[PDB]
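> Below: one structure in structure tokens.
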There are 4 protein chains.
Amino acid sequence: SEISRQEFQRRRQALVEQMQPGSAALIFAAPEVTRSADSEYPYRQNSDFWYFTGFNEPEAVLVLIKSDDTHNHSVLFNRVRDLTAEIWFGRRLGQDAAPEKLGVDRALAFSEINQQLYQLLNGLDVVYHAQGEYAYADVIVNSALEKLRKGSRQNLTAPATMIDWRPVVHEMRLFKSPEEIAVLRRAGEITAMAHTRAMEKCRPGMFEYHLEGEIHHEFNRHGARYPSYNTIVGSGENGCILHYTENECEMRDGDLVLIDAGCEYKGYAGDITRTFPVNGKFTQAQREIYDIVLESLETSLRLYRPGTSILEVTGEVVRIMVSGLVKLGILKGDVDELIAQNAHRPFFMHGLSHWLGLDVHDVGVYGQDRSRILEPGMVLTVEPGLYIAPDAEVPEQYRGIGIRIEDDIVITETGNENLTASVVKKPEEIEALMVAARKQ
Amino acid sequence: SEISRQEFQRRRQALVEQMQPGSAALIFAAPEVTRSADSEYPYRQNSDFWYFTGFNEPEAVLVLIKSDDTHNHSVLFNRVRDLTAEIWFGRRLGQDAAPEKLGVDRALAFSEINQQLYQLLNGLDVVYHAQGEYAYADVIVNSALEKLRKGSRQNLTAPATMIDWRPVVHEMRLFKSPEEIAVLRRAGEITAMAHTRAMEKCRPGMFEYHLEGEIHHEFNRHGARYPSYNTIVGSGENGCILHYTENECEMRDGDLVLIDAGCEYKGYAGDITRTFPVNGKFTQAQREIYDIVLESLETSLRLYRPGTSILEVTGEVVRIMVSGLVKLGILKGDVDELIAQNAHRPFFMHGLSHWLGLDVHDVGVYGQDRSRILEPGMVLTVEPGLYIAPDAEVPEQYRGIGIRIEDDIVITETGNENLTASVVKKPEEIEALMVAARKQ
Amino acid sequence: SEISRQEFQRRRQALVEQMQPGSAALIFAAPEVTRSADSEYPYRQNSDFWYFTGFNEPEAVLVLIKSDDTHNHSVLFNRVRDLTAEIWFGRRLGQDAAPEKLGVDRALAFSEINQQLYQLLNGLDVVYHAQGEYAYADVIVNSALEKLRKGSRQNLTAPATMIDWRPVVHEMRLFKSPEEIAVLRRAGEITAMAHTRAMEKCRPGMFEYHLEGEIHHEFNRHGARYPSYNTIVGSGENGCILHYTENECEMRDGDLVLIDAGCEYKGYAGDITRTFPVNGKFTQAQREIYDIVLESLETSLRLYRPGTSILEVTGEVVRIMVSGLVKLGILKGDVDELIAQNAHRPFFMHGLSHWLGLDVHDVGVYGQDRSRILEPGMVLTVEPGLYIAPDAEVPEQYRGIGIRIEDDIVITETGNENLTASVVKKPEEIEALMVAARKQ
Amino acid sequence: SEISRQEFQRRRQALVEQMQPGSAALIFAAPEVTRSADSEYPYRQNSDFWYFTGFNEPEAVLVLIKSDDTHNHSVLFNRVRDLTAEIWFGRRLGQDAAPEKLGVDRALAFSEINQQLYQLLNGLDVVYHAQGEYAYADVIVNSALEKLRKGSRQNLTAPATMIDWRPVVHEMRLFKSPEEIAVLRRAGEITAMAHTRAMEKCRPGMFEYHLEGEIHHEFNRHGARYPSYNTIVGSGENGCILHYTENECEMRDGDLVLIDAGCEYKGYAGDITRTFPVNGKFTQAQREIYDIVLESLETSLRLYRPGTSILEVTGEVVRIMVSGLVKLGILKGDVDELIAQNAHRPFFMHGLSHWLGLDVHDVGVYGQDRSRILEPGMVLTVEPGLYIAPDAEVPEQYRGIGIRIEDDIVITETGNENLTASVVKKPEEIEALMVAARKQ
Ligand SMILES: [Cl-]
Ligand SMILES: [Cl-]
Ligand SMILES: [Cl-]
Ligand SMILES: [Cl-]
Ligand SMILES: [Mn+2]
Ligand SMILES: [Mn+2]
Ligand SMILES: [Mn+2]
Ligand SMILES: [Mn+2]
Ligand SMILES: [Mn+2]
Ligand SMILES: [Mn+2]
Ligand SMILES: [Mn+2]
Ligand SMILES: [Mn+2]
């Protein structure tokens with residue numbers, strides 16, 4: 001599953017439909033990024049630029065011109081074809097092939113952007129620009145506007161209005177097309193297979209980074225070369241560190257390991273967390289904390305639907321957590337009073353859910369306290385956790401336990417679809433899986 | 001093998017020994033780097049900062065103060081310990097533990113750098129600063145100097161002299177300690193095992209990126225989490241593109257695949273290229289080009305020693321190439337005349353060797369045309385190649401063939417040691433390896 | 001005559017009336033400017049900031065908030081009162097006195113602008129900002145918007161729309177109130193008295209800068225401390241250099257001197273040019289060129305009225321010039337053909353008229369080729385000139401003659417009012433004035 | 001008196017003599033400065049650039065190359081000759097005439113600086129650059145060094161050492177040549193004539209700015225077009241504000257007026273303060289404060305000589321002030337105890353003396369608390385003052401009195417020469433002068 005040329009074109013037209021007549025929208029590619037000295041990180045296209053193009057080169061700018069309410073056209077600035085650069089660093093789309101390949105009306109060399117952009121903006125009323133996103137893009141836009149402001153003797157005029165297109169575009173991204181959902185479904189399946197593999201390979205004495213290697217190998221073999229975020233493999237006390245990415249420790253018999261990892265597939269993020277015993281068997285204490293986190297997740301999965309909100313479902317989770325922690329003696333008091341004082345927060349200190357898409361923490365307005373009413377087409381995570389610090393003032397057997405369990409879902413007309421339920425999370429199913437792998 | 005605290009301290013003292021009395025050297029950590037939106041790339045410490053510290057955090061600055069010819073001391077600025085940041089994003093060294101851990105005299109919070117740096121530079125004659133390396137570092141240094149210049153009423157004085165320490169430090173890095181050579185030896189072995197694995201796993205119909213996944217998995221399992229540069233897997237015509245990193249094509253029965261990949265192990269780069277038949281058997285044409293590149297490499301490996309140079313060895317390679325290409329009819333004419341007109345250059349268009357170390361294209365002065373005389377302790381690559389474009393005006397059977405074969409060596413008192421000879425390169429040994437793997 | 005508090009308030013309200021509901025306009029003061037080292041030029045307030053405030057301090061920002069269509073209010077950021085700064089550098093308005101003095105609703109310390117501006121912009125739809133006018137102002141606005149964009153967890157929202165208020169404000173400035181016309185009338189009278197004085201004081205052997213001194217002394221004595229632009233005193237060949245400001249030469253018996261000078265009175269510019277014989281008597285050649293320039297000006301003064309344009313009046317001037325130059329043999333050919341080839345341009349190479357107000361080259365849209373139809377309340381200059389280079393291919397006696405004659409006018413319902421006719425320009429009146437002064 | 005070509009050349013050679021072999025010094029012109037919109041302030045050349053050139057154009061850079069200990073040469077970058085720019089904005093020196101005019105070896109177009117500077121710095125060991133002085137200059141230098149650092153394949157090398165030439169050059173400027181002293185002597189005489197004129201013209205009912213106009217007219221007529229700093233005319237309570245430049249008030253019968261004004265003559269500053277009765281007659285109270293300030297100045301003038309210091313002479317002044325203030329009841333206590341508690345500071349809150357030259361607050365190291373031992377050739381001001389605030393807790397008759405009296409001196413082998421004693425300061429001489437002028 002992928003997003004095709006025709007869909008990128010639909011998205012461009014949908015933006016144009018929201019634009020004022022006599023306007024242009026400017027969407028810039030990500031800069032290349034240095035890793036060390038002359039070596040660069042593998043290129044990651046800007047998500048919004050990607051959303052409108054599926055084009056994975058730097059030094060590119062998409063310009064959508066809406067001349068009036070019936071007439072509009074697109075211009076791409078992109079790197080020229082060049083024999084030498086290409087023998088060295090790889091093939092480039094160039095200007096001749098871009099209109100057909102990407103479905104844009106015209107393509108021009110990026111090297112000509114300062115000579116051409118002001119001419120495209122001349123006489124328009126509005127420019128849509130994500131100001132502050134990239135310095136290089138701001139310099140280009142500001143230069144063009146300055147040329148226009150200062151060019152009345154050449155009969156040039158600058159648009160007086162600049163509108164940040166990010167609110168509009170991010171609202172577009174918040175609601176996934178069926179094709180986007182198919183891509184995310186595949187991302188979830190690829191990520192789930194990776195997590196299953198990690199559970200089947202995990203043994204005491206392996207390093208945390210060994211499970212990262214298994215996971216990334218599984219991503220790669222399904223054509224998801226890169227993770228959507230830095231993989232977390234937190235065994236023992238490291239599980240209580242939320243974005244532990246060192247993954248440098250030997251995994252001990254008797255500890256849990258929390259793995260949070262997700263692929264990037266055709267631009268889209270998977271995002272799964274599973275926590276499991278390194279030796280294949282939960283201790284009583286581990287199981288007691290695990291069951292509360294799993295109940296939180298299972299309840300959330302039953303509830304998420306159109307018409308509720310992250311805030312509302314979070315309230316149910318908080319009650320489940322406070323109740324379970326009181327029962328174990330980790331919290332003490334009256335449940336409702338404890339809820340009223342947010343007594344869960346030392347152990348569950350993050351949000352239950354974030355939007356998911358071209359970024360793992362995807363764009364889109366949440367509303368105050370994530371109160372926005374859910375509608376079909378929204379994609380979000382569900383990730384309750386409990387983290388009991390090594391020095392927490394709690395019954396000793398719970399200290400140093402960090403558990404999160406995270407699935408990715410799409411809101412549908414009838415509730416939700418779980419994209420990541422193909423990797424197990426019930427404790428008895430985890431143990432069975434690991435027992436089977438451990439027998440060879 | 002690794003580099004220890006005591007060695008980082010030796011390097012600091014060796015810099016200090018080269019410093020003027022009444023001076024301070026400022027060495028800044030790399031900034032964190034955005035991958036997309038709020039997600040960052042896995043952190044890569046600046047190589048020179050690493051060289052003096054082995055410390056893998058951002059927002060850190062090493063200050064070496066040489067008060068006079070007998071007295072000197074070190075101050076580290078680094079991130080404070082902070083409960084919340086640490087629960088979220090991970091553990092930090094902090095100020096209390098840094099002096100013992102890193103072997104510095106004093107540690108201060110990075111948040112205090114603007115309040116403290118000018119006081120450390122007050123009254124010194126010289127500041128050593130790699131100006132232009134990082135914008136954030138330049139801002140900090142320029143602010144401190146401005147405070148001093150403008151603070152005569154507070155009895156402050158700025159050092160009038162600023163010296164770029166990069167020439168001195170890069171000359172230090174050019175000559176490896178025995179411990180560094182041990183680390184590089186391990187990098188070479190890890191990288192070689194990865195390349196062997198790729199040869200054993202490769203089958204027609206696999207995607208180029210599948211071999212990248214095998215390679216990166218092998219790096220990881222030996223504790224080299226990250227590659228030292230973006231892996232190249234160039235099959236068929238893609239082999240003629242020097243830094244082909246798309247690795248997106250299905251590998252065809254009958255094509256060669258060129259794999260250029262290297263691990264980063266304790267900061268140090270491996271860098272190996274092997275080219276081999278996708279189906280396990282060189283065609284006659286492939287073998288004919290391969291033999292010229294292999295002869296170039298084997299001859300270079302015999303020759304490299306103290307007292308020669310990359311330039312001198314390159315001349316021998318050029319003769320081997322021109323000779324072989326004439327013999328095959330790819331070039332036509334008199335060998336010596338062809339050499340005199342650099343007739344090899346359409347097919348061998350890059351350098352034979354680059355320095356290797358904490359960067360894959362390592363620091364250090366090459367001399368004009370890489371004429372610097374080699375000495376023991378220098379580490380370099382040897383990477384002849386021949387690339388015959390799909391449309392080259394040559395006998396048809398050679399078109400679209402891209403071959404490079406690259407080993408990493410250390411110059412020793414008696415010649416060189418090949419760090420990467422544990423992965424095969426003789427064509428009959430490649431075929432035997434692949435025949436054996438292909439039988440299961 | 002001046003502009004009062006109530007008028008600045010009217011202007012603020014007129015801007016607000018043009019603003020969208022749910023918006024704020026930000027108007028920044030000019031930065032102080034270094035002359036040398038720690039010495040600054042005398043402060044000149046930004047013209048648009050001045051237009052809305054009459055406030056002559058730096059580090060000030062006017063914020064006009066239009067909450068909706070009935071409710072609006074103003075906030076000033078300005079320097080705090082401070083005993084020491086004030087003993088040293090002078091009195092400051094401060095926060096307590098500003099609301100009454102300036103007629104703003106609230107005043108806050110400039111030192112708090114970054115802590116307060118984002119709170120004023122939170123939740124608005126539109127921000128009006130003259131982007132690119134000042135770097136310091138851009139930094140402040142961009143920081144505030146970034147805080148808002150990034151502050152959704154604090155329930156902050158940034159306005160997505162930024163509109164340059166300069167087009168609207170400059171259209172306001174283009175049409176003068178009766179009070180503004182009274183100020184400009186006084187500026188014209190002060191400037192005229194200065195030019196009369198220069199004519200009465202001028203003698204061969206005086207330096208050009210001596211007339212500048214007379215002029216600036218006369219400005220000052222009427223309470224116009226500063227000129228509105230750098231004074232030009234171009235004698236002999238220097239008259240052919242349009243913005244000759246060196247004023248360094250001894251004025252010779254037999255040469256003309258061109259003086260272009262204007263006062264700045266309550267923010268408003270005068271702008272007068274007179275050219276006259278250094279020795280009090282035009283030569284025949286000088287008089288011949290002078291008469292053409294004077295005819296051009298007198299005709300322009302008869303013509304300028306509502307319903308014509310600078311372009312239309314320029315055409316009449318061009319015909320007068322071509323005709324006169326043909327008659328003298330400076331041009332040769334058919335007048336209409338010469339006009340059609342713009343043959344006057346080597347001798348008259350600038351515009352006839354520019355708008356006049358708070359800047360000498362005042363703001364406001366001219367239309368293509370200055371074709372905008374004139375309306376009452378517009379204020380402009382009328383400044384024909386002829387400049388015959390020392391090496392021009394023309395009858396010898398005309399070489400090195402530079403003449404401009406410039407008056408300032410206001411368009412009225414019935415034509416125009418000449419604000420600067422109190423300094424003579426008819427050649428016989430110039431000679432009479434100078435003859436009288438030269439007798440003592 | 002002026003500074004000639006040969007002296008600018010001597011200064012260049014004296015810098016070169018202090019430079020390391022294999023080095024270049026870069027001295028940049030001041031940028032032009034905006035006054036409002038498209039109008040600029042009258043150009044003021046950077047003092048250090050002026051010191052080495054006497055050249056009053058922007059977009060110019062002096063490059064002094066010291067190839068080794070015997071061979072050196074100079075290159076100027078400066079604006080090209082251009083017909084149109086010159087018809088408009090004035091004459092430019094250009095490249096052809098510069099070597100002879102300025103006495104430099106070579107001149108190149110400023111437009112070529114980025115193409116040429118790196119070639120001049122290639123292979124040198126040291127670059128002398130006043131980093132942080134001007135942004136435009138820093139950009140140019142940083143670009144050149146970056147080209148060199150990154151150009152090893154083109155056999156380019158950057159100098160690793162950058163030295164701020166300001167300490168060396170400012171020490172040069174601290175010691176005046178006999179020619180510089182002659183220029184300063186003339187500056188002092190011009191300034192003194194201006195102050196005499198102000199005393200002779202001053203009448204109750206005139207505005208403070210009227211005396212500014214008289215002063216600036218007198219500067220101008222002697223060929224000092226511009227003041228060296230913004231003129232202060234502080235009558236009544238305004239005299240207690242140290243840099244009162246508003247000069248906006250009507251001068252009252254019964255008040256003193258403090259005038260601090262100085263010309264700029266051939267680049268060099270005068271700096272004189274005189275305080276006198278607006279009505280020509282000191283009141284008893286005014287005279288009582290005046291006598292203490294005059295005693296302070298007369299004593300300082302007797303004392304200043306080689307071998308003393310500003311600090312030492314300041315101590316004598318402080319004693320004079322404390323003594324006089326005790327005698328009048330403004331201070332109460334034991335003189336020595338009062339001195340020990342710096343009890344004078346509410347009334348005398350600034351320094352007694354600053355260096356004087358191409359800047360009014362001239363460059364040069366003062367030593368801690370201005371303790372540097374004075375030597376012949378140093379030029380400084382002597383400016384005791386007493387300022388009694390309107391609300392000071394002192395005998396009523398002294399409130400609102402601000403008096404400073406300031407002369408400019410040169411240290412000589414035998415003491416000092418007073419450059420500004422030609423304007424009176426004894427109270428009886430002030431009254432006599434004013435009585436005579438007031439009679440007509
Ligand atoms: Cl391009
Ligand atoms: Cl910190
Ligand atoms: Cl403030
Ligand atoms: Cl130029
Ligand atoms: Mn996750
Ligand atoms: Mn998540
Ligand atoms: Mn390689
Ligand atoms: Mn290599
Ligand atoms: Mn004018
Ligand atoms: Mn004009
Ligand atoms: Mn003074
Ligand atoms: Mn002074």
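Chains: A, B, ... in order of the structure tokens. Residues: from 1 per chain. Ligands: from 1, in order shown.
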Using DSSP on the backbone coordinates, identify all residues within stretch 83-208 of chain B classified as alpha helix (DSSP H); present the result as a ChimeraX atom specification.
/B:83-89,94-98,113-121,135-149,166-174,178-201,208
> Those same residues, written as a PDB file, in the first residue's frame with C-alpha atoms?

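Heads up, here's the output in part.pdb:
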ATOM      1  CA  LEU B  83      14.709  14.679  38.003  1.00  0.00           C
ATOM      2  CA  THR B  84      12.054  15.429  35.405  1.00  0.00           C
ATOM      3  CA  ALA B  85      14.243  15.752  32.274  1.00  0.00           C
ATOM      4  CA  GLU B  86      15.856  12.484  33.343  1.00  0.00           C
ATOM      5  CA  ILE B  87      12.603  10.523  33.925  1.00  0.00           C
ATOM      6  CA  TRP B  88      11.675  11.692  30.426  1.00  0.00           C
ATOM      7  CA  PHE B  89      14.766  11.718  28.230  1.00  0.00           C
ATOM      8  CA  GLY B  94      25.722  16.127  35.964  1.00  0.00           C
ATOM      9  CA  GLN B  95      28.340  18.194  37.792  1.00  0.00           C
ATOM     10  CA  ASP B  96      29.044  16.057  40.871  1.00  0.00           C
ATOM     11  CA  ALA B  97      30.060  12.905  39.017  1.00  0.00           C
ATOM     12  CA  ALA B  98      31.816  14.487  35.993  1.00  0.00           C
ATOM     13  CA  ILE B 113      28.153  29.183  30.521  1.00  0.00           C
ATOM     14  CA  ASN B 114      27.450  32.821  29.638  1.00  0.00           C
ATOM     15  CA  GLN B 115      27.857  33.835  33.284  1.00  0.00           C
ATOM     16  CA  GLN B 116      31.136  31.918  33.685  1.00  0.00           C
ATOM     17  CA  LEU B 117      33.022  31.634  30.371  1.00  0.00           C
ATOM     18  CA  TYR B 118      34.091  35.299  30.183  1.00  0.00           C
ATOM     19  CA  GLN B 119      35.495  34.968  33.715  1.00  0.00           C
ATOM     20  CA  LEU B 120      37.639  32.013  32.591  1.00  0.00           C
ATOM     21  CA  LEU B 121      38.936  33.950  29.564  1.00  0.00           C
ATOM     22  CA  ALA B 135      26.788  28.725  15.213  1.00  0.00           C
ATOM     23  CA  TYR B 136      25.760  28.182  18.833  1.00  0.00           C
ATOM     24  CA  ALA B 137      29.392  27.907  19.905  1.00  0.00           C
ATOM     25  CA  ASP B 138      30.397  31.014  17.940  1.00  0.00           C
ATOM     26  CA  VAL B 139      27.618  32.988  19.657  1.00  0.00           C
ATOM     27  CA  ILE B 140      28.817  31.907  23.089  1.00  0.00           C
ATOM     28  CA  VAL B 141      32.474  32.708  22.395  1.00  0.00           C
ATOM     29  CA  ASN B 142      31.718  36.029  20.692  1.00  0.00           C
ATOM     30  CA  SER B 143      29.496  37.078  23.613  1.00  0.00           C
ATOM     31  CA  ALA B 144      32.183  36.285  26.128  1.00  0.00           C
ATOM     32  CA  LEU B 145      34.832  38.197  24.216  1.00  0.00           C
ATOM     33  CA  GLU B 146      32.474  41.149  23.781  1.00  0.00           C
ATOM     34  CA  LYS B 147      31.822  41.257  27.561  1.00  0.00           C
ATOM     35  CA  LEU B 148      35.577  41.325  28.149  1.00  0.00           C
ATOM     36  CA  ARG B 149      36.329  43.961  25.468  1.00  0.00           C
ATOM     37  CA  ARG B 166      41.723  22.276  14.370  1.00  0.00           C
ATOM     38  CA  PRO B 167      45.086  22.100  12.510  1.00  0.00           C
ATOM     39  CA  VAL B 168      46.881  20.941  15.693  1.00  0.00           C
ATOM     40  CA  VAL B 169      44.144  18.567  16.812  1.00  0.00           C
ATOM     41  CA  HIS B 170      43.648  17.064  13.376  1.00  0.00           C
ATOM     42  CA  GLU B 171      47.386  16.357  13.136  1.00  0.00           C
ATOM     43  CA  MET B 172      47.021  14.578  16.488  1.00  0.00           C
ATOM     44  CA  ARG B 173      44.111  12.490  15.123  1.00  0.00           C
ATOM     45  CA  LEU B 174      46.075  11.617  11.985  1.00  0.00           C
ATOM     46  CA  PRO B 178      48.025   1.541  19.677  1.00  0.00           C
ATOM     47  CA  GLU B 179      44.671   1.620  21.527  1.00  0.00           C
ATOM     48  CA  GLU B 180      43.053   3.477  18.589  1.00  0.00           C
ATOM     49  CA  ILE B 181      44.478   0.926  16.180  1.00  0.00           C
ATOM     50  CA  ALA B 182      42.987  -1.871  18.326  1.00  0.00           C
ATOM     51  CA  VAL B 183      39.573  -0.147  18.101  1.00  0.00           C
ATOM     52  CA  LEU B 184      39.892   0.307  14.324  1.00  0.00           C
ATOM     53  CA  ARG B 185      41.021  -3.339  14.010  1.00  0.00           C
ATOM     54  CA  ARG B 186      37.802  -4.354  15.710  1.00  0.00           C
ATOM     55  CA  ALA B 187      35.812  -1.990  13.481  1.00  0.00           C
ATOM     56  CA  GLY B 188      37.421  -3.611  10.448  1.00  0.00           C
ATOM     57  CA  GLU B 189      36.596  -7.133  11.699  1.00  0.00           C
ATOM     58  CA  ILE B 190      32.974  -6.216  12.504  1.00  0.00           C
ATOM     59  CA  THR B 191      32.581  -4.587   9.079  1.00  0.00           C
ATOM     60  CA  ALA B 192      34.221  -7.559   7.322  1.00  0.00           C
ATOM     61  CA  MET B 193      31.815 -10.001   9.064  1.00  0.00           C
ATOM     62  CA  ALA B 194      28.937  -7.867   7.813  1.00  0.00           C
ATOM     63  CA  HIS B 195      30.187  -7.957   4.221  1.00  0.00           C
ATOM     64  CA  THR B 196      30.727 -11.728   4.370  1.00  0.00           C
ATOM     65  CA  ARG B 197      27.163 -12.072   5.628  1.00  0.00           C
ATOM     66  CA  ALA B 198      25.851  -9.951   2.756  1.00  0.00           C
ATOM     67  CA  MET B 199      27.626 -12.205   0.225  1.00  0.00           C
ATOM     68  CA  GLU B 200      26.226 -15.315   1.903  1.00  0.00           C
ATOM     69  CA  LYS B 201      22.670 -13.969   2.026  1.00  0.00           C
ATOM     70  CA  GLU B 208      19.255  -3.898  -2.419  1.00  0.00           C
TER      71      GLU B 208
END
> Compile the contact shell of residue B:285 as a VMD selection string: residues with an atom at most 9 Å away, counting only C-alpha atoms, same-chain residues fewer than 4 positions apart removed.
chain B and resid 289 to 290 397 to 398 401
> Could you give me, as a short mmCIF file (atom, residue, chain, number, x, y, z; two decimals) with N, CA, C and O atoms, in the first residue's frame, every polymer residue with an atom at most 7 Å away from an atom of ligand 5, counting only C-alpha atoms and all ligand atoms?

data_model
loop_
_atom_site.label_atom_id
_atom_site.label_comp_id
_atom_site.auth_asym_id
_atom_site.auth_seq_id
_atom_site.Cartn_x
_atom_site.Cartn_y
_atom_site.Cartn_z
N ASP A 260 9.77 0.13 23.06
CA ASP A 260 8.94 1.08 22.34
C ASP A 260 9.65 1.33 21.01
O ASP A 260 10.76 1.87 20.96
N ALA A 261 9.05 0.82 19.95
CA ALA A 261 9.65 0.93 18.62
C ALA A 261 8.59 0.92 17.55
O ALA A 261 7.52 0.30 17.69
N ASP A 271 3.93 2.83 15.97
CA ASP A 271 4.33 3.19 17.32
C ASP A 271 3.75 2.18 18.33
O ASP A 271 2.63 2.31 18.77
N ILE A 272 4.54 1.16 18.65
CA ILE A 272 4.12 0.09 19.56
C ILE A 272 5.05 0.02 20.75
O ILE A 272 6.29 0.15 20.61
N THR A 273 4.45 -0.14 21.92
CA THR A 273 5.19 -0.51 23.11
C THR A 273 4.68 -1.87 23.61
O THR A 273 3.46 -2.10 23.71
N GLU A 406 1.29 -0.23 24.38
CA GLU A 406 0.83 0.77 23.43
C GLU A 406 0.42 0.14 22.11
O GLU A 406 1.21 -0.60 21.51
#
> Between atom CA of residue B:255 and atom CA of residue B:203, what distance in Å does the model show, to one decimal?
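Interatomic distance here is 11.0 Å.
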> Taking the chain letters and numbering used in this document, name the residues of stretch 176-399 of chain A that DSSP puts in strand (DSSP E), as a ChimeraX atom specification.
/A:226-227,232-235,256-261,263-265,268-269,272-277,379-382,385-388
> When you get a sec, could you note down which chain A residues fall within 12 Å of chain D, using only C-alpha atoms, as a list in words?
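Here they are: residues 37, 38 and 150 of chain A.
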> Just C-alpha atoms for this one: save the residues we selected as a PDB file, in the first residue's frame.

ATOM      1  CA  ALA A  37      31.946  16.522   9.253  1.00  0.00           C
ATOM      2  CA  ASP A  38      31.129  15.857   5.596  1.00  0.00           C
ATOM      3  CA  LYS A 150      11.100  47.846  -3.164  1.00  0.00           C
TER       4      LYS A 150
END
> May I ask you to write as a list in words all residues lying at most 10 Å from ligand 9, with only C-alpha atoms and all ligand atoms counted?
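The residues within 10 Å of ligand 9, counting only C-alpha atoms and all ligand atoms, are residues 228, 229, 230, 231, 232, 242, 243, 259, 260, 261, 262, 270, 271, 272, 273, 274, 353, 354, 360, 361, 381, 382, 383, 404, 405, 406, 407 and 408 of chain C.
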> For ligand 1, list the contacting residues at 12 Å or closer, counting only C-alpha atoms and all ligand atoms, as a list in words.
residues 57, 58, 59, 60, 61, 76, 77, 78, 79, 80, 81, 82, 85, 92, 93, 94, 95, 107, 108, 109, 110, 111, 112, 113 and 114 of chain A
> Please identify all polymer residues within 12 Å of residue A:378, counting only C-alpha atoms, omitting same-chain residues fewer than 4 positions from it, and present them as a PyMOL selection string.
chain A and resi 170-178+180-181+184+304-307+309-310+353-357+362-366+372-374+408-413+415-417
> Show me, as an MDAnalysis selection string, the residues that have an atom within 9 Å of stretch 22-34 of chain C when counting only C-alpha atoms, minus same-chain residues fewer than 4 positions from it.
(chainID C and resid 15:16 38:50 52 55:69 120:121 123:130 134 136:137 141 159 163 165) or (chainID D and resid 33:36)
> From the options B:269, B:249, B:394, B:388, which residue's atoms come nearest to residue B:349, counting only C-alpha atoms?
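Of B:269, B:249, B:394, B:388, the one nearest residue B:349, counting only C-alpha atoms, is B:388.
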> Would you mind reading off the distance between atom CA of residue A:291 and atom CA of residue A:238, one decimal, in Å?
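Result for atom CA of residue A:291 versus atom CA of residue A:238: 20.1 Å, one decimal.
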> Using only C-alpha atoms and all ligand atoms, which of the listed residues (B:244, B:282, B:265, B:387) sits closest to ligand 7?
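Smallest separation from ligand 7 among the options: B:244.
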> With only C-alpha atoms and all ligand atoms as the atoms that count, which of D:284, D:1, D:275, D:122 lies nearest to ligand 11?
D:275
